[PDB]
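The next block holds one structure in the form of structure tokens; read it before the comments.
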Protein chains: 2
Amino acid sequence: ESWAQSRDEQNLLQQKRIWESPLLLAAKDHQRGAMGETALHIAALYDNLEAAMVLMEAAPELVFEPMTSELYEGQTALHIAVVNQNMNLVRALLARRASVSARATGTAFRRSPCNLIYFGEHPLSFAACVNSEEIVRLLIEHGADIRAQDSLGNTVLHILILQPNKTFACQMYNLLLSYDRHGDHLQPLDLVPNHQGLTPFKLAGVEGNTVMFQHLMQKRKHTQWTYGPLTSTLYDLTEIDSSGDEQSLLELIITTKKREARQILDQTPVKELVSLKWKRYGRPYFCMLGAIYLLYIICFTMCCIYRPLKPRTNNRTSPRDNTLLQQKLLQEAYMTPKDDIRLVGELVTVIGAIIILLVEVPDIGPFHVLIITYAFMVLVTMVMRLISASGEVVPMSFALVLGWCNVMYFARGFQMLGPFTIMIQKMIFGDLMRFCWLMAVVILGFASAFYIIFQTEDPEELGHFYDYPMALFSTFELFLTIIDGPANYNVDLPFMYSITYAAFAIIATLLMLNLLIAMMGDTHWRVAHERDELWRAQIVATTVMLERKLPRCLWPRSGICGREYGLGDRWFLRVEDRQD
Amino acid sequence: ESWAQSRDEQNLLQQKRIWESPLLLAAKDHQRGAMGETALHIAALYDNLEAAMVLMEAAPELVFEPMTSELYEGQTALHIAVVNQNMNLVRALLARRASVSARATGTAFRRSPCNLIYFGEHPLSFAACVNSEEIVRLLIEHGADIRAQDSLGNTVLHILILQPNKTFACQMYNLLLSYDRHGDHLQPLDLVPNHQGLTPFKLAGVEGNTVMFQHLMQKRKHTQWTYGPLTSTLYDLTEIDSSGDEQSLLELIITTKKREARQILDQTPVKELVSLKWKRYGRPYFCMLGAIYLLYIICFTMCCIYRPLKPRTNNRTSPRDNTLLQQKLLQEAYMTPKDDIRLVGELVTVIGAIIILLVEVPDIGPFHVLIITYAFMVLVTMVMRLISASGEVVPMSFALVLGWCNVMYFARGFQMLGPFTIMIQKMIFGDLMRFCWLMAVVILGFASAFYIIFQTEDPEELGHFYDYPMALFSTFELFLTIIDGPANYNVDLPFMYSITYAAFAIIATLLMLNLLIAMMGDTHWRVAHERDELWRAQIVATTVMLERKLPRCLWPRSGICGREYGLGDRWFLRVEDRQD
Ligand SMILES: CC(C)CCC[C@@H](C)[C@H]1CC[C@@H]2[C@H]3CC=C4C[C@H](OC(=O)CCC(=O)O)CC[C@]4(C)[C@@H]3CC[C@@]21C
Ligand SMILES: CC(C)CCC[C@@H](C)[C@H]1CC[C@@H]2[C@H]3CC=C4C[C@H](OC(=O)CCC(=O)O)CC[C@]4(C)[C@@H]3CC[C@@]21C
Ligand SMILES: CC(C)CCC[C@@H](C)[C@H]1CC[C@@H]2[C@H]3CC=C4C[C@H](OC(=O)CCC(=O)O)CC[C@]4(C)[C@@H]3CC[C@@]21C
Ligand SMILES: CC(C)CCC[C@@H](C)[C@H]1CC[C@@H]2[C@H]3CC=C4C[C@H](OC(=O)CCC(=O)O)CC[C@]4(C)[C@@H]3CC[C@@]21C
Ligand SMILES: CC(C)CCC[C@@H](C)[C@H]1CC[C@@H]2[C@H]3CC=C4C[C@H](OC(=O)CCC(=O)O)CC[C@]4(C)[C@@H]3CC[C@@]21C
Ligand SMILES: CC(C)CCC[C@@H](C)[C@H]1CC[C@@H]2[C@H]3CC=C4C[C@H](OC(=O)CCC(=O)O)CC[C@]4(C)[C@@H]3CC[C@@]21C
Ligand SMILES: [Mg+2]
Ligand SMILES: [Mg+2]
Ligand SMILES: [Mg+2]
């Protein structure tokens, strides 16, 4: 906001600085403006060729001079004439020995959501982005280095992938790569990583640049044979399944926050790779990891069904006291064979909860949080068991609910069941997290109204609202229509009740059907229309988690290795498809 | 998986075997490779004409030699040059006396979902499938037999129907059939069955090859007269209603597992045939078979309403014992006129259940299973009645529910009601069989939580959860909101209950609306959009069942017989339509 305010004022400052100097005004159609610009910059800016030539005759040092602002730092007139595509000025600027290697470190050039363009820092990178082949053919003739890297580390190959017109990005990727012609450099330009470690092939995957993914994939395709309609294609599979030493391209797509990246999961070498590694080793481990967790939660349940309880030593403290049984002490808890059989299962439970923490906590989405909370609630149950602290029903009840709802995590192994878990998340963190603020406020209004209406009345007849916390809970239950409307029929209720509850009943049906239409638009189109895409993104997330947390003996590398077939040491995936 | 692994390794083995031999490498641009191939095979594979000619000059025995692998067994170079459509090589191979009758018995050629192509075994069958008319015009000139049959028994007529480009399949069907020119053979080529017994006309129906159904139907159309816009067309109806000796084409479409086959039910001779036989004899028997079954289930109900019961001889065994009446013994069950009137209806019931087993069990979808289970539960009721075994309420209650829900089978006679039964099946074996795994797991988590919260409390106030099987059943009922939320208001419930039940109530509404949107997508588009198609497939299934299980006197053959009209002994169906 404040920065956007300053840019505009600096841009309005610049228009004043042009008007003050008649020479700078003449350039518009040694003094410097608000942006640090010169007359050569302004003539290049508005494509004033004749003003630029007359100024460069007087000052030929003006060509070398960069803008001095923070917004346009390092920018020379050559940058301006390049993006404005004035060919004859670019020729004239190079004739006056313009630097083709100048770096524009200005904030307006840096990759940021505030800036609409990201063109890099070098005139090659500016020229390729504005799609001028000739200037690229002209700048390299004057010593411009294609291997130039930015503050982000991007070369021009990386920058073209980050451009909104993906078709022009393809041709300029072709042109600059054809101009390398070096074998002496340890990395060719397609193989040069940026500072994040992403190659141009990896960058197209992370950004969801689909056509740049496809063009780069043709370099990694070898066609073995063609049998009429059939053809056999062998895929390099080096970067899309790099594992054991570095993050995979599949791993980068999952961790990135771009929904466009997940379309790359539907591209051909990626798709059969994921489906193969899922069917080969992905499913039978995950269903085995599912069955072990299910027997664990059943073992945790039985220890909670048979928890140590004794008749209460105390007398009843009120007529409203319903307690009959209390927790045993520690020595009382274990003195019999049934207590020893439970002690085995409770020890299995705690050892299971410790193993959960070991495979989860030293590592650091939602099912991460649910199982860590479940393992945490188990340890609190043991701690209270050891010190004989009362209230163990509170950690267990969290753990029974959290422990069983983790069993729903293993629905994603089945193809139909997995997007149903997607529905549950989007309904609760979308439509529920929105509408609960409208919904609780109606509950607070009517529960307060319902409380004071029965505040004079006797609670024995109608105790829905006997104190204010129960009046909140009852009105919540009346909202969802899970308990009946309060009625006695043997006594006179207040007349203000019948008006309020009829007003409540209309709003509660109206608001609850509104939550249904909101959850209608969610699960129908966002999830059930895209069930195959969402389930595939679940597999890649599940498998990458499996690969990190499993030994090498269990997980063989996917594809077929060369050097027994003379292809390299790389792991190749063969796909046979029908071209018809 | 493992077989797909082996094929790729064998394909990568083959690329090594080419590189080792310089002669085999020269063929790529007497030794044999991994696939058993030769240099002539590899030259034919990559369309290397000049390498093939030089090799066949040296070895002319190489033309005769087949590949020796399991994957490509029996394949010669003539097969390879045919599918690759190298005309000049095919001419050159025939000039060296190539076998046109060689059979490729390899696993890659066999019809299987692992193999993308099914081309048959003979070079005629390969040439027609890759759509080369000239090679077919050339191979027959060298002695190729069109009547060749595979291990599946398919001739080239059958194979063309099994091809994904149905338009090219039509022309090659025309070309090969025009080349038969034999009357001496007992079956012409359109009439030659495969090993399954299917002709090319029957095969197009079973596979749902609609345009091959239409082209073959024109041969079975005779146009009687044309009256301006009106025309009268007479259909052969021989194979689409073969009955009394063999399965019909209608019967093949029902029993097959292809959804594409049911579009053939909407083709013109099929459609009016089904609608005619349904209206003529299909409905009035089925509604008669419906009314007889309805009076049977009403008779079974009245025998269960009036089942023999006496006051209990024992005393009450607990304060929680609600039993007042018990079953009579066998001699007590029948000693009065009302007992004799029930004995008639019970004998009608058992004789009815035996007749169900006779018309169902010696024969061996869902309503098959439901009525056999109903007839089985009836016989258990009699067995327990005879030996005075207690617990007869268990077989009856299964039989009352199963017996009445069979009456829903007769909804398909009515056109609107039939797809509603489709909805019930798809919702229960789709959306229910999926979502019950997510839904029971939430129930198990909260019922366990609800149990231990009230494990200390006294059950007399709140006995929803007094033991663990009732806590499961109550939480199931709270999930569907068919019983009210537990509340006392005269006693203090645990505070962990109000948190857990509010957590339960949100999830239970959220998950239950999710089941509604899932059942929304089911019944709307899968069934109600396709209600006429689903109801028509119900008729064909019902009628074919009727034809098997009814005497000849009740079911006359459809159409109009010739030989009283001089058309043959075949049964013809006349359809008058408006061509406008
Ligand atoms: C007494 C001992 C031998 C019992 C064995 C304990 C297991 C029942 C637990 C221990 C650690 C495991 C778990 C821990 C880590 C994973 C991650 C997993 O899901 C996520 O959190 C993924 C993130 C997301 O998708 O939201 C939860 C279960 C899983 C496979 C495991 C399931 C069950 C395991 C084998
Ligand atoms: C004893 C009571 C008070 C415990 C409180 C209940 C809630 C805190 C928990 C338990 C049941 C729910 C969970 C149950 C299952 C879902 C699935 C959901 O789905 C996904 O992760 C799909 C995306 C993916 O990871 O692939 C994530 C958490 C969620 C809403 C829940 C998180 C929180 C909930 C509301
Ligand atoms: C969407 C809406 C507009 C539906 C239209 C129906 C309501 C406008 C009517 C239905 C019958 C109700 C009435 C029925 C009876 C009650 C009792 C009330 O006075 C009493 O008798 C209270 C009893 C007592 O004092 O003991 C006055 C009107 C009231 C709330 C109601 C006013 C309005 C209600 C909701
Ligand atoms: C004492 C006697 C004379 C009473 C007569 C007994 C009938 C009530 C039963 C005997 C066998 C019959 C049935 C047995 C065979 C059929 C199959 C039918 O449905 C299927 O199973 C088709 C498969 C499917 O679509 O799922 C169910 C009832 C029906 C017509 C019959 C309905 C009723 C019938 C006439
Ligand atoms: C006493 C209690 C414990 C009996 C248990 C009830 C269920 C086992 C049964 C009885 C009612 C249901 C049936 C009722 C009717 C339907 C129609 C459905 O319809 C079709 O077959 C349409 C397809 C076709 O055949 O054309 C098949 C079975 C189904 C879901 C049900 C099969 C199973 C259900 C759940
Ligand atoms: C979709 C959701 C987020 C809608 C928003 C409403 C809930 C957040 C509020 C509504 C009023 C409820 C509260 C109302 C009163 C209860 C009683 C409880 O303590 C008691 O008084 C128990 C009684 C006893 O100990 O005898 C503490 C909070 C609780 C569960 C509630 C906490 C949260 C609830 C569900
Ligand atoms: Mg949402
Ligand atoms: Mg009620
Ligand atoms: Mg379904």
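Considering only A:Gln538, A:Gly568, A:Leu554, whose Cα is most displaced toward the positive end of the charge dipole of the stretch A:520-580, charges sitting on Cβ of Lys, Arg (+1) and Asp, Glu (-1)? Checked the options; the winner is A:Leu554. The alpha-carbon atoms of the stretch A:18-62, seen along their principal axes, cover 23, 20, 16 angstrom, with the largest extent given first. Seen from B:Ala127, the other residues with C-beta closer than 14 Å to its C-beta sum to a net charge of -3, counting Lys and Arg as +1 and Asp and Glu as -1.
Amide H contacts of A:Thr231 (H built 1.01 Å from N, in plane; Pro and chain starts excluded): A:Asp577, A:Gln579 sit under 5 Å, all sequence-distant by 5 or more or on other chains.
If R0 is 30 Å, what FRET efficiency do you get for A:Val491 and A:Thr317 from their C-beta distance, rounded to 0.05?
On the way: r = 29 Å, r/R0 = 0.98.
After rounding, the FRET efficiency stands at 0.55.
For a paramagnetic label modelled on A:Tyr46 (point 7 Å from Cα along Cα→Cβ), amide N atoms under 16 Å away belong, within the stretch A:55-82, to A:55, A:81. Considered as an equivalent ellipsoid built on the Cα gyration tensor, the protein assembly as shown has semi-axes of 64, 57, 31 Å, the largest given first. Computed over the stretch B:223-307, relative contact order equals 13 percent, with contacts defined as Cα pairs under 8 Å that lie 6+ residues apart. Straight-line cross-link reach from B:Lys16 at under 12 Å between alpha-carbon atoms covers these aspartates and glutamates, not counting any fewer than eight positions away in the same chain: A:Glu564. In the stretch B:233-299, the ratio of gyration radius to Kirkwood radius, Rg to Rh, stands at 1.09 when only Cα atoms are counted. Annotation for B:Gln326 and A:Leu550: the two label points, set 7 Å from Cα along the Cα-Cβ direction, are 6.0 nm apart.
Modelled this way, with points 7 Å down the Cα-to-C-beta line, the labels at B:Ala58 and A:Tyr334 are 8.4 nm from one another. For the rotational copy relationship between B and A, the axis lies nearest to a chain B beta carbon, identified with its distance in whole angstrom as B:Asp484, 4.
Think of the protein assembly as shown as having a plus end and a minus end, set by charges on the Cβ of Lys, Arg, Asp and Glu; of B:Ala44, B:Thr373, A:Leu160, B:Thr373 sits farthest toward the positive end of this dipole. Within the straight-line cut-off of under 17 Å between alpha carbons, the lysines reachable from B:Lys219 are B:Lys202, sequence neighbours fewer than 8 places apart in one chain being disregarded.
Quickly estimate the mean residue ellipticity at 222 nm for chain B, helices only: each DSSP H run with n ≥ 4 gives -39500 (n - 2.57), and the total goes over all residues, rounded to 500. Don't skip to the end; give the middle numbers.
Numbers: 24 runs with 297 residues, N = 580.
Using -39500 (n - 2.57) per qualifying helix, the result is -16000 deg cm²/dmol.
In debye, nearest 20, what is the charge dipole magnitude of the stretch B:103-255 about its Cα centre with +1 on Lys and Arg Cβ and -1 on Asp and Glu Cβ, if you could check?
Working: 11 positive and 16 negative charges, 65 e Å.
Computed charge dipole of the stretch B:103-255: roughly 320 debye.
Report, in debye and to the nearest 20, how large the dipole of the stretch A:277-339 comes out about its Cα centre when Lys and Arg carry +1 and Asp and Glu carry -1 on their Cβ. If you can, show how the numbers build up before the last one.
Numbers: 11 positive and 3 negative charges, 83 e Å.
Here the size comes out at about 400 debye.
Label-to-label distance, A:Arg181 versus B:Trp525, with points set 7 angstrom from Cα along the beta-carbon direction: 5.6 nm.
By average Cβ neighbour count within 10 Å, what is the ranking of B:561-567, B:280-286 from highest down? Working shown, then result.
Numbers: B:561-567: 10.6, B:280-286: 16.6.
Ranking the peptides B:561-567, B:280-286 by packing returns B:280-286, B:561-567.
Comment: the Cα-to-Cβ extended label point of A:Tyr179, at 7 Å, lies 5.8 nm from its counterparts in the other copies, nearest first. Return the FRET efficiency for the residue pair A:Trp19, A:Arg91: r is the Cβ-Cβ distance, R0 is 30 Å, and the value is rounded to the nearest 0.05. Between A:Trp19 and A:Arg91 the formula returns 0.50. For peptide A:223-234, the mean count of partner chain Cβ atoms within 10 Å of a residue's Cβ comes to 5. When the charge dipole of the stretch B:402-504 is built from unit charges on Cβ atoms (+1 for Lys and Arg, -1 for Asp and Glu) and taken about the Cα centre, the candidate among B:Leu444, B:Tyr466, B:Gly413 whose Cα reaches farthest toward its positive end is B:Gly413.
Sorted from largest to smallest, which semi-axis lengths in Å does the alpha carbon gyration tensor of the stretch B:476-580 give for its equivalent ellipsoid, taking the root of 5 times each eigenvalue?
Each semi-axis is the square root of five times an eigenvalue, giving 64, 18, 8 Å.
Excluding same-chain neighbours fewer than eight residues apart, the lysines reachable from B:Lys426 by a Cα-Cα span under 26 Å are A:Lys426, B:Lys257, B:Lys258, B:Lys271.
Count charges around A:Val359 for me, please; just the other residues with Cβ under 12 Å from its Cβ, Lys/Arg as +1, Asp/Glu as -1.
On the way: positive: A:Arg548, A:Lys549; negative: A:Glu360, A:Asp363.
Taking every Cβ under 12 Å from that of A:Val359, the sum is 0.
A Cβ-based charge dipole, computed about the Cα centre of chain B with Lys and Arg at +1 and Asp and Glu at -1, lands at about 1540 debye.
Set the Förster radius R0 to 25 Å, insert the Cβ-Cβ distance between B:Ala291 and B:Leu432 as r into 1/(1 + (r/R0)^6), and round the FRET efficiency to 0.05. The partial results should precede the final answer.
Values: r = 31 Å, r/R0 = 1.26.
Using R0 = 25 Å, I get an efficiency of 0.20.
Distant-in-sequence amide contacts of B:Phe572, defined by a placed amide H-H separation under 5 Å and a gap of 5 or more residues or a different chain, comprise B:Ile560, B:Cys561, B:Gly562.
In order along the stretch A:535-550, the phi-based Karplus estimate (6.51 cos²θ - 1.76 cosθ + 1.60, θ = phi - 60°) of 3J(HN,Hα) comes to 6, 5, 5, 5, 5, 4, 5, 5, 6, 5, 5, 4, 5, 5, 10, 9 Hz; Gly and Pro are listed as x. In order along the stretch A:559-566, the Karplus-derived 3J(HN,Hα) couplings, from 6.51 cos²θ - 1.76 cosθ + 1.60 at θ = phi - 60°, round to x, 10, 6, x, 6, 9, 9, x Hz, and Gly and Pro are given as x.
Counting charges near A:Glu207 (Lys, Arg +1; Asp, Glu -1) among other residues having Cβ under 9 Å from its Cβ returns a value of 0. Distance between the C-alpha centres of the stretch A:87-104 and the stretch A:503-551: 55 Å, rounded to the whole angstrom.
Read-outs: derived from the displayed coordinates by stated rules, not from any lab. Don't worry about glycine lacking a Cβ; one is built from the backbone with ideal geometry, like all the others, and counts go over all protein chains shown.
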